[PDB]
Amino acid sequence: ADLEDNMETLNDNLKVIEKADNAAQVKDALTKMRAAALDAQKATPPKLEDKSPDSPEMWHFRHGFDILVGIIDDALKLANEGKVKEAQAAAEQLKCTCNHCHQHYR
Amino acid sequence: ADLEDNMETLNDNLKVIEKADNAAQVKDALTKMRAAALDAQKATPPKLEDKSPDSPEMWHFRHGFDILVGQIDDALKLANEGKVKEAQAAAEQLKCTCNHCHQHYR
Ligand code: HEC
Ligand code: HEC
């Protein structure tokens with residue numbers, strides 16, 4: 001899937017975690033976000049098409065996805081400890097990363 | 001590759017980075033550390049061989065490499081900006097992530 005499908009998947013599962021009528025939907029949703037984030041990390045966004053992969057901007061943009069994937073993997077840890085609210089609160093924390101990247105690169 | 005070979009790679013290039021002399025050297029050493037860190041992240045560590053790949057311990061273990069990769073990518077931003085002393089400093093702080101995962105999972 002291209003970059004915007006991944007972003008759509010990230011968007012839809014974030015909402016899933018917020019309304020989780022459970023405790024293992026969190027895990028399920030987080031797994032899909034992990035998959036989407038990782039896959040979106042290999043894509044060059046529109047506003048950096050003409051730039052070098054070695055360019056600081058490309059590493060900065062890739063760093064955002066490292067941080068995001070780290071935040072999800074940590075929430076997957078909390079959710080797999082059965083800590084439903086902390087994992088859901090860790091998922092709220094993710095929007096920092098979404099918005100920091102959108103502000104500079106979308 | 002096996003986890004032990006990726007760890008030797010991380011150890012050797014961290015040492016190359018500290019012996020310095022140019023941001024181009026740091027950049028190449030960091031490129032190899034990144035490739036090894038991503039592969040190590042796929043391994044199963046001996047101390048966790050008989051626990052679920054979805055256990056919190058395995059998620060904390062994969063989290064460790066998320067943090068490392070993200071730190072490496074930050075240090076590649078600096079090396080590619082030509083800031084060798086800043087990039088070295090950022091590469092020396094990888095040892096915190098090393099030590100921390102070793103304290104738990106080695
Ligand atoms: C960079 C490191 C990003 C992170 C982290 C996140 N997103 Fe993103 N997003 C990014 C780009 C470059 C773009 C635009 C790409 C393009 O092709 O123009 C987007 C776009 C979106 C969208 C719009 C979807 C669409 O138009 O089809 C959404 C809904 C979206 N992003 C959501 C989203 C969420 C919820 C994130 C964190 C949980 C997130 N993104 C992270 C770059 C980056
Ligand atoms: C977990 C998230 C780790 C991170 C991050 C780092 N290391 Fe590691 N290391 C880890 C394990 C589980 C092991 C045991 C390997 C095994 O197969 O049992 C290791 C081992 C090492 C070793 C010595 C073992 C060998 O290579 O034969 C070294 C020298 C080593 N690790 C170095 C190293 C460095 C320099 C790291 C970052 C700067 C680092 N490791 C990160 C787990 C994890």
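Proteins get letters first, then strands, A, B, ... in listed order; numbering begins at 1 in each.
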Which heavy-atom pair separates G70(A) from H63(B) by the least distance, and what is that distance?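 Between these two residues, the closest heavy atoms are O-ND1, 3.2 Å.
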
What closest approach, in Å, do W59(A) and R34(B) show between heavy atoms, and which atom pair accounts for it?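 Between these two residues, the closest heavy atoms are CZ3-NE, 3.6 Å.
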
Examine [X] and [Y] and state if one hydrophobic cluster contains both, with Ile, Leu, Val, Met, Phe, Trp and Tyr joined whenever side-chain heavy atoms are less than 4.5 Å apart.
| X | Y | value |
| --- | --- | --- |
| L14(A) | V16(A) | no |
| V69(A) | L78(A) | no |
| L48(A) | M7(A) | yes |

Approximate separation, where rounding is to 0.5 Å, of [X] [atom1] and [Y] [atom2]:
| X | Y | atom1 | atom2 | value |
| --- | --- | --- | --- | --- |
| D73(B) | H60(A) | CG | NE2 | 11.0 Å |
| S55(B) | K77(A) | OG | NZ | 12.0 Å |
| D66(A) | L38(B) | CG | CG | 8.5 Å |
| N80(B) | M58(A) | CG | CE | 11.5 Å |

Between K27(B) and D54(A), is a salt bridge (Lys or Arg N to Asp or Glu O under 4.0 Å) present by the stated rule, with each step listed? CA-CA 10 Å; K27(B) 177 185 172 298; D54(A) 258 344; 3.1 Å; yes

Would you say [X] has more than 12 foreign heavy atoms packed within less than 6.0 Å of its [atom1]?
| X | atom1 | result |
| --- | --- | --- |
| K15(B) | NZ | no |
| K85(A) | NZ | no |
| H102(A) | NE2 | yes |

With a 4.5 angstrom heavy-atom cut-off, could you sort out which part of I67(A) is near chain B: side chain, backbone, both or neither?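 Contact with chain B involves no heavy atom of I67(A) at all.
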
